Each structure stands twice: as C-alpha cells, then as structure tokens.
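Data file: target-v6.cif. Format and content: mmCIF, C-alpha atoms and all ligand atoms.
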```
data_protein
#
loop_
_atom_site.label_atom_id
_atom_site.label_comp_id
_atom_site.auth_asym_id
_atom_site.auth_seq_id
_atom_site.Cartn_x
_atom_site.Cartn_y
_atom_site.Cartn_z
CA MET Y 63 90.80 66.61 90.63
CA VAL Y 64 87.68 64.45 90.99
CA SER Y 65 84.76 66.69 90.00
CA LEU Y 66 83.08 69.02 92.46
CA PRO Y 67 79.38 68.28 93.07
CA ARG Y 68 76.59 70.70 92.11
CA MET Y 69 76.69 73.71 94.43
CA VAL Y 70 74.48 76.77 94.82
CA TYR Y 71 76.18 80.04 95.71
CA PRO Y 72 76.18 83.71 94.62
CA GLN Y 73 77.52 84.31 91.11
CA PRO Y 74 80.88 86.09 91.15
CA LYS Y 75 80.62 89.57 89.62
CA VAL Y 76 83.28 90.32 87.02
CA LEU Y 77 82.57 94.06 87.15
CA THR Y 78 82.36 94.26 90.95
CA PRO Y 79 85.70 94.11 92.81
CA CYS Y 80 85.89 91.94 95.97
CA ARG Y 81 87.39 94.70 98.07
CA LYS Y 82 88.06 98.27 96.96
CA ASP Y 83 90.07 99.12 100.05
CA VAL Y 84 92.93 96.62 99.81
CA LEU Y 85 95.21 94.81 97.36
CA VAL Y 86 93.91 91.24 96.86
CA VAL Y 87 96.57 89.88 94.45
CA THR Y 88 100.35 90.36 94.37
CA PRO Y 89 102.26 91.46 91.30
CA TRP Y 90 103.29 87.80 90.73
CA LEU Y 91 99.60 86.87 90.77
CA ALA Y 92 99.48 85.28 94.22
CA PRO Y 93 96.19 85.87 96.04
CA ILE Y 94 96.30 88.01 99.21
CA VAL Y 95 93.77 86.44 101.58
CA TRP Y 96 91.26 88.86 103.08
CA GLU Y 97 87.74 88.20 104.34
CA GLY Y 98 85.38 88.65 101.40
CA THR Y 99 87.78 87.24 98.79
CA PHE Y 100 86.88 83.57 99.14
CA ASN Y 101 83.91 81.23 99.22
CA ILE Y 102 84.89 78.76 101.96
CA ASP Y 103 82.32 76.21 100.80
CA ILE Y 104 83.98 75.83 97.39
CA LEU Y 105 87.44 75.68 98.98
CA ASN Y 106 86.38 73.14 101.64
CA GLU Y 107 85.05 70.92 98.84
CA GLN Y 108 88.23 71.11 96.79
CA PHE Y 109 90.45 70.23 99.75
CA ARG Y 110 88.25 67.56 101.30
CA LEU Y 111 88.01 65.75 97.94
CA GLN Y 112 91.80 65.48 98.12
CA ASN Y 113 91.55 64.22 101.74
CA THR Y 114 93.98 66.94 102.84
CA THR Y 115 95.90 66.61 106.11
CA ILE Y 116 97.32 69.74 107.72
CA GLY Y 117 100.16 69.63 110.22
CA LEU Y 118 100.29 72.53 112.71
CA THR Y 119 103.66 72.96 114.42
CA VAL Y 120 104.49 74.93 117.55
CA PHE Y 121 107.55 75.29 119.76
CA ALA Y 122 106.69 75.66 123.47
CA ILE Y 123 109.83 75.94 125.59
CA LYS Y 124 110.24 76.75 129.27
CA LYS Y 125 107.52 79.15 130.41
CA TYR Y 126 105.83 79.09 127.02
CA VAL Y 127 104.23 75.72 127.79
CA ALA Y 128 101.67 77.74 129.75
CA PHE Y 129 100.18 78.98 126.47
CA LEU Y 130 99.48 75.51 125.06
CA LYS Y 131 96.06 74.97 126.62
CA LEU Y 132 94.39 78.08 125.15
CA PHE Y 133 96.28 77.70 121.89
CA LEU Y 134 95.09 74.12 121.33
CA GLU Y 135 91.52 74.62 122.60
CA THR Y 136 90.93 77.60 120.32
CA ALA Y 137 92.62 75.76 117.42
CA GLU Y 138 90.06 73.02 118.01
CA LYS Y 139 87.37 75.63 117.54
CA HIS Y 140 88.72 77.51 114.55
CA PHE Y 141 91.58 75.80 112.74
CA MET Y 142 90.82 73.65 109.70
CA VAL Y 143 87.60 72.35 111.26
CA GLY Y 144 86.29 69.45 109.17
CA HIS Y 145 89.71 68.52 107.82
CA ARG Y 146 92.39 66.10 109.08
CA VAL Y 147 94.76 67.87 111.49
CA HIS Y 148 97.98 66.70 113.15
CA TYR Y 149 99.44 68.97 115.84
CA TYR Y 150 103.18 68.73 116.47
CA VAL Y 151 104.17 70.20 119.82
CA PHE Y 152 107.93 70.56 120.21
CA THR Y 153 108.72 71.06 123.89
CA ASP Y 154 111.40 70.58 126.54
CA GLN Y 155 108.61 69.69 128.99
CA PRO Y 156 106.59 66.76 127.57
CA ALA Y 157 104.81 66.16 130.88
CA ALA Y 158 103.56 69.75 131.09
CA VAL Y 159 101.58 69.54 127.84
CA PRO Y 160 97.90 69.96 128.78
CA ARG Y 161 95.37 67.19 128.07
CA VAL Y 162 93.19 68.84 125.42
CA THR Y 163 90.13 67.11 124.00
CA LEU Y 164 90.36 66.84 120.21
CA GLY Y 165 87.68 66.47 117.57
CA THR Y 166 87.56 63.43 115.31
CA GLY Y 167 90.25 63.22 112.61
CA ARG Y 168 92.59 65.33 114.69
CA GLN Y 169 95.68 64.12 116.52
CA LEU Y 170 98.58 65.44 118.56
CA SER Y 171 102.20 64.37 118.81
CA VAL Y 172 104.58 65.60 121.49
CA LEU Y 173 108.23 65.79 120.43
CA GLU Y 174 110.80 66.38 123.15
CA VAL Y 175 113.71 68.65 122.40
CA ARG Y 176 117.04 70.07 123.62
CA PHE Y 195 112.00 62.96 115.18
CA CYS Y 196 112.85 62.86 111.46
CA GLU Y 197 111.78 65.58 108.98
CA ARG Y 198 111.03 62.74 106.58
CA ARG Y 199 108.13 61.84 108.89
CA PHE Y 200 106.26 65.02 107.89
CA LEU Y 201 106.38 63.95 104.24
CA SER Y 202 104.49 60.79 105.06
CA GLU Y 203 102.01 62.16 107.61
CA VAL Y 204 100.73 65.50 106.27
CA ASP Y 205 100.17 67.38 103.00
CA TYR Y 206 100.75 70.89 104.33
CA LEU Y 207 102.65 72.40 107.24
CA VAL Y 208 101.62 75.48 109.17
CA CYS Y 209 104.21 76.89 111.55
CA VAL Y 210 103.07 79.42 114.17
CA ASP Y 211 104.00 80.86 117.57
CA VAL Y 212 102.36 79.33 120.67
CA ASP Y 213 101.62 82.51 122.68
CA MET Y 214 98.53 83.13 120.56
CA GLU Y 215 94.90 82.14 120.31
CA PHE Y 216 92.48 81.53 117.45
CA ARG Y 217 89.46 83.83 117.59
CA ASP Y 218 87.94 83.15 114.20
CA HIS Y 219 88.09 80.91 111.13
CA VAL Y 220 91.56 79.90 109.88
CA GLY Y 221 90.97 77.36 107.12
CA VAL Y 222 92.01 75.83 103.82
CA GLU Y 223 91.88 79.24 102.11
CA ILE Y 224 95.49 79.61 103.34
CA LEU Y 225 96.82 76.38 101.81
CA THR Y 226 99.18 76.59 98.85
CA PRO Y 227 102.77 75.54 98.05
CA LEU Y 228 104.25 78.45 100.01
CA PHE Y 229 102.73 81.26 102.05
CA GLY Y 230 103.81 84.12 104.28
CA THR Y 231 101.74 86.51 106.46
CA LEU Y 232 101.79 90.33 106.51
CA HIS Y 233 103.24 91.66 109.77
CA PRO Y 234 100.52 93.72 111.57
CA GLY Y 235 102.71 96.76 112.17
CA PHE Y 236 104.06 97.07 108.63
CA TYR Y 237 101.26 96.24 106.21
CA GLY Y 238 100.83 99.92 105.38
CA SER Y 239 104.50 100.88 105.46
CA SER Y 240 106.79 101.80 102.58
CA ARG Y 241 109.63 99.27 102.10
CA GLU Y 242 112.31 101.67 103.31
CA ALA Y 243 110.53 101.54 106.70
CA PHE Y 244 110.52 97.71 106.86
CA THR Y 245 112.82 96.34 109.57
CA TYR Y 246 114.74 94.03 107.20
CA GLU Y 247 118.38 93.25 107.99
CA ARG Y 248 120.24 96.18 106.41
CA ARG Y 249 123.89 95.15 106.83
CA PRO Y 250 125.42 93.64 103.66
CA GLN Y 251 127.59 91.38 105.80
CA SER Y 252 124.48 89.35 106.73
CA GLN Y 253 122.95 86.69 104.50
CA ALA Y 254 119.54 88.22 105.33
CA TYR Y 255 120.58 91.56 103.81
CA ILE Y 256 117.92 93.45 101.86
CA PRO Y 257 118.69 96.93 100.44
CA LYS Y 258 116.37 99.91 100.69
CA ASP Y 259 115.16 99.67 97.08
CA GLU Y 260 114.05 96.03 97.42
CA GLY Y 261 111.23 94.18 99.13
CA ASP Y 262 107.56 93.41 98.53
CA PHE Y 263 106.12 93.03 102.05
CA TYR Y 264 107.34 92.50 105.59
CA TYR Y 265 106.34 88.95 106.54
CA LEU Y 266 105.99 87.61 110.09
CA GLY Y 267 108.22 84.87 111.44
CA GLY Y 268 105.28 83.65 113.53
CA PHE Y 269 102.93 82.35 110.81
CA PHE Y 270 104.08 80.75 107.56
CA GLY Y 271 103.64 77.42 105.84
CA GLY Y 272 103.01 75.54 102.63
CA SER Y 273 103.53 72.00 101.27
CA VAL Y 274 105.91 69.87 103.34
CA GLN Y 275 108.49 70.05 100.56
CA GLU Y 276 108.39 73.85 100.28
CA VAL Y 277 108.49 74.40 104.05
CA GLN Y 278 111.49 72.10 104.36
CA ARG Y 279 113.24 74.00 101.55
CA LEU Y 280 112.59 77.28 103.33
CA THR Y 281 113.79 76.04 106.72
CA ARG Y 282 116.82 74.35 105.16
CA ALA Y 283 117.76 77.58 103.38
CA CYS Y 284 117.23 79.66 106.53
CA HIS Y 285 119.27 77.29 108.70
CA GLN Y 286 122.21 77.38 106.30
CA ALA Y 287 122.00 81.18 105.98
CA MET Y 288 122.00 81.54 109.78
CA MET Y 289 125.09 79.33 110.12
CA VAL Y 290 126.98 81.46 107.58
CA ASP Y 291 126.05 84.57 109.58
CA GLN Y 292 127.17 82.90 112.82
CA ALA Y 293 130.56 81.96 111.35
CA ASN Y 294 130.88 85.57 110.19
CA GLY Y 295 130.12 86.81 113.69
CA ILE Y 296 126.81 88.47 112.85
CA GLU Y 297 123.16 87.94 113.87
CA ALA Y 298 120.30 89.39 111.80
CA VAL Y 299 118.34 92.22 113.44
CA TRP Y 300 115.21 90.09 113.83
CA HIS Y 301 116.88 86.70 113.64
CA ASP Y 302 114.85 84.00 111.89
CA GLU Y 303 112.20 86.49 110.75
CA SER Y 304 114.87 88.49 108.91
CA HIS Y 305 116.00 85.35 107.04
CA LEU Y 306 112.38 84.39 106.32
CA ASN Y 307 111.94 87.77 104.70
CA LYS Y 308 115.04 87.39 102.54
CA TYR Y 309 113.86 83.92 101.51
CA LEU Y 310 110.37 85.07 100.51
CA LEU Y 311 111.80 88.06 98.65
CA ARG Y 312 113.77 85.66 96.44
CA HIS Y 313 111.16 82.84 96.31
CA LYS Y 314 107.75 84.52 96.00
CA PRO Y 315 104.99 82.97 98.12
CA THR Y 316 102.04 81.48 96.20
CA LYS Y 317 99.60 83.08 98.66
CA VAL Y 318 100.05 85.95 101.10
CA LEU Y 319 97.87 86.08 104.25
CA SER Y 320 96.43 89.47 105.32
CA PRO Y 321 96.98 90.75 108.90
CA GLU Y 322 93.65 89.17 109.81
CA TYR Y 323 95.80 86.03 110.26
CA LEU Y 324 98.15 87.42 112.91
CA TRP Y 325 97.03 90.46 114.84
CA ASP Y 326 97.58 92.05 118.26
CA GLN Y 327 94.39 93.80 119.31
CA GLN Y 328 95.96 95.19 122.50
CA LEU Y 329 98.68 96.96 120.50
CA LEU Y 330 96.76 97.69 117.31
CA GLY Y 331 93.06 97.72 118.07
CA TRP Y 332 90.53 96.65 115.46
CA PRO Y 333 90.83 98.79 112.30
CA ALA Y 334 88.00 98.87 109.78
CA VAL Y 335 90.11 97.19 107.11
CA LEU Y 336 90.07 94.00 109.21
CA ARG Y 337 86.62 92.40 108.98
CA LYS Y 338 87.83 89.54 111.17
CA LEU Y 339 90.62 89.02 113.73
CA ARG Y 340 91.40 85.34 113.29
CA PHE Y 341 94.60 84.54 115.22
CA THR Y 342 95.85 86.99 117.83
CA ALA Y 343 98.42 87.59 120.54
CA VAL Y 344 97.48 86.73 124.13
CA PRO Y 345 95.94 88.33 126.16
HG HG Z 401 84.77 89.14 96.39
HG HG Z 402 107.30 74.13 110.69
HG HG Z 403 116.54 79.23 110.88
HG HG Z 404 113.14 80.84 107.97
#
```
Translate this file's structure into structure tokens.
Amino acid sequence: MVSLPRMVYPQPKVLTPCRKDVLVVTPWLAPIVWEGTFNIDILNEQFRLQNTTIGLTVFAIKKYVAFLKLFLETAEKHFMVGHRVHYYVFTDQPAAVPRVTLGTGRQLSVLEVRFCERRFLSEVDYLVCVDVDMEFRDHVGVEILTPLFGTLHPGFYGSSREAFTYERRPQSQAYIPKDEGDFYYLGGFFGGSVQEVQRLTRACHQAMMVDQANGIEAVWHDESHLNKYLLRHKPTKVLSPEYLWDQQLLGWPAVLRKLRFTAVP
C-alpha cells in the first residue's frame, strides 16, 4: 500500500505456464501454492512494508512436549525469517518447554491449559495453526498469508472426491455427500487473518457441540469439521502438499520440488 521500490527480477512469461504438471489456481481463483509459482522477493517486500506479524500456534500436551525443541529450532531456521513472529505454545507442562534461542523480532508465549482470544487481534496480523510433532525442512514464508488458507492432505491430493475421508453420515454437522467437495484439507496446517481463523474455530466448536449433543463424533474429528467449513467458505489460498508431508510414508515424489514441513522422524 506504500509503493514497492525498484526491483530487478525475471519478467513473468504470459505464454509460459508456471507449472504444467499441477493445478496452480482453484476454480474460485485462489492460488494453489507450489514451488515455482511465486517470487519470494516481491512477496517479502509487500509484507514487510505492512510490518506484518505472524502468530504460530501449537498445542503440546503430555508426551508431545518432547517435540517442541526440534519444532521451534527448525521454525527459527525456516518460518517467516525476516518477519515479526510470535509463537504461542499451549501446554499442560509450562516448565517442560525447552529454552530455544530466537532471532530478533521473534517472541514466544507459553499458555498453560487444562488467555483471551481478543489478545490475538491486538498482537498479530495472521495466525498459523499447526501440529507440534513436525519439523521445518525448508522455506515456509509469507507466500502462504491470506485471509483464509487450508493445506492439501498428502495422501489425498491426487484422489477423486468420492475417495476423500470426509464425514459421510448425514447425522453429523461435518457431513459431506459423495458428489461434493473440492479438496481434502489437513487439520494440522491452516491459518489466515486473526478474524477469519477465529470465525473458523468458532464455527467448528459450535458444530462439534451439536454433534456431541446428538451422540455422534465425526470420523476424523476436528479435521472433518475443518473440511466442511472450507467446503462452504472457500479458502483464499490453498497450500500444496509441500507444506505438510511425511517422507517416511510417502517418499519424495517428483511433483514436490521442496519438502517444507514434515512429520518427525
Ligand atoms: Hg511460474
Ligand atoms: Hg490457531
Ligand atoms: Hg473444534
Ligand atoms: Hg476447525
């Protein structure tokens, strides 16, 4: 919104597609983020000029606190480097959170569990919610930021919708029939503006309570409700599987030029 400065980079080629092997835009014109689709220098400029702050939230309960060290250290190496970052670690074991050295402009808050959502509105511009038993292995940056985004589940990105493991019982609020659905999104990596993320979590929480009262639990719990939400409220960006992969279970296919955030080991 202030002007970008002069920049020298390769001219985009109107008659040369970015990738010829994958879909790079959804039918509602939301970009699908794959390596090769973005110039990170231009994006870093746009977001820095807005002095963007990104909150990264993780839930580490019981034995999962053991994954915090690697998660945070690799995040320090690959997540939003150069931008303001605020980590929010929700845990039942505050004292077990490892002492990780953070780069300038980056901070960490420990929130005990078992905090007011209005705090997020005043501290960060975007929220990124991921699982803790993971590690960053490559660049995860501002190219993912947008009002609302979901990530393509690694095991279903090439599947037909009828094969998606959506909740199929009409008694559940997460219900999605066989002739509906765009993609199968992961519960472990989603985000967007604080406002949009709060809307999504508020909708999910209410939908899960209705299911509880009706004596039913969606097949894949929160992930099933996330999928129903994103089916009805289209994400403004969709992240490719590069953003959440499991190399042990899925290897390293040619269509993935980078494996950015992966399951541990
Ligand atoms: Hg391109
Ligand atoms: Hg979150
Ligand atoms: Hg929920
Ligand atoms: Hg949700």
- request: Return as a PyMOL selection string every polymer residue, whether protein, DNA or RNA, with at least one atom no more than 7 Å from an atom of ligand HG 404 (chain Z); count all atoms listed in the file.
  value: chain Y and resi 280-281+284+302-303+305-306
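Distances here use all atoms listed in the file; by that measure, the residue among Y:119, Y:278, Y:101, Y:112 closest to ligand HG 403 (chain Z) is Y:278.
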Do you know which residues are within 12 Å of ligand HG 403 (chain Z) using only C-alpha atoms and all ligand atoms? Can you write them as a tab-separated table (two decimals) with C-alpha atoms, in the frame of the given file?
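As written to disk, pocket.tsv reads:
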```tsv
chain	number	residue	atom	x	y	z
Y	253	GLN	CA	122.95	86.69	104.50
Y	254	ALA	CA	119.54	88.22	105.33
Y	267	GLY	CA	108.22	84.87	111.44
Y	277	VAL	CA	108.49	74.40	104.05
Y	278	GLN	CA	111.49	72.10	104.36
Y	279	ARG	CA	113.24	74.00	101.55
Y	280	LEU	CA	112.59	77.28	103.33
Y	281	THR	CA	113.79	76.04	106.72
Y	282	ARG	CA	116.82	74.35	105.16
Y	283	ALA	CA	117.76	77.58	103.38
Y	284	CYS	CA	117.23	79.66	106.53
Y	285	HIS	CA	119.27	77.29	108.70
Y	286	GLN	CA	122.21	77.38	106.30
Y	287	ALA	CA	122.00	81.18	105.98
Y	288	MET	CA	122.00	81.54	109.78
Y	289	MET	CA	125.09	79.33	110.12
Y	290	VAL	CA	126.98	81.46	107.58
Y	291	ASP	CA	126.05	84.57	109.58
Y	292	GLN	CA	127.17	82.90	112.82
Y	297	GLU	CA	123.16	87.94	113.87
Y	298	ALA	CA	120.30	89.39	111.80
Y	300	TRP	CA	115.21	90.09	113.83
Y	301	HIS	CA	116.88	86.70	113.64
Y	302	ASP	CA	114.85	84.00	111.89
Y	303	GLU	CA	112.20	86.49	110.75
Y	304	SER	CA	114.87	88.49	108.91
Y	305	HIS	CA	116.00	85.35	107.04
Y	306	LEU	CA	112.38	84.39	106.32
Y	307	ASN	CA	111.94	87.77	104.70
Y	308	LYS	CA	115.04	87.39	102.54
Y	309	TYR	CA	113.86	83.92	101.51
```
Contact residues around range 239-245 of chain Y with only C-alpha atoms at 7 Å, ignoring same-chain residues under 4 positions, as a compact mmCIF listing (two decimals) with C-alpha atoms, in the frame of the given file:
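Contents of result-v1.txt, as written:
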```txt
# COMPACT_ATOMS: atom_id res chain seq x y z
CA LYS Y 258 116.37 99.91 100.69
CA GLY Y 261 111.23 94.18 99.13
CA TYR Y 264 107.34 92.50 105.59
```
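Of note, CA of residue 216 in chain Y and CA of residue 139 in chain Y are spaced 7.8 Å apart.
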- prompt: Counting all atoms listed in the file, which of Y:94, Y:159, Y:222, Y:118 gets nearest to residue 144 in chain Y?
  reply: Y:222
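Across Y:206, Y:263, Y:152, Y:236, the tightest approach to residue 121 in chain Y is made by Y:152 when counting only C-alpha atoms.
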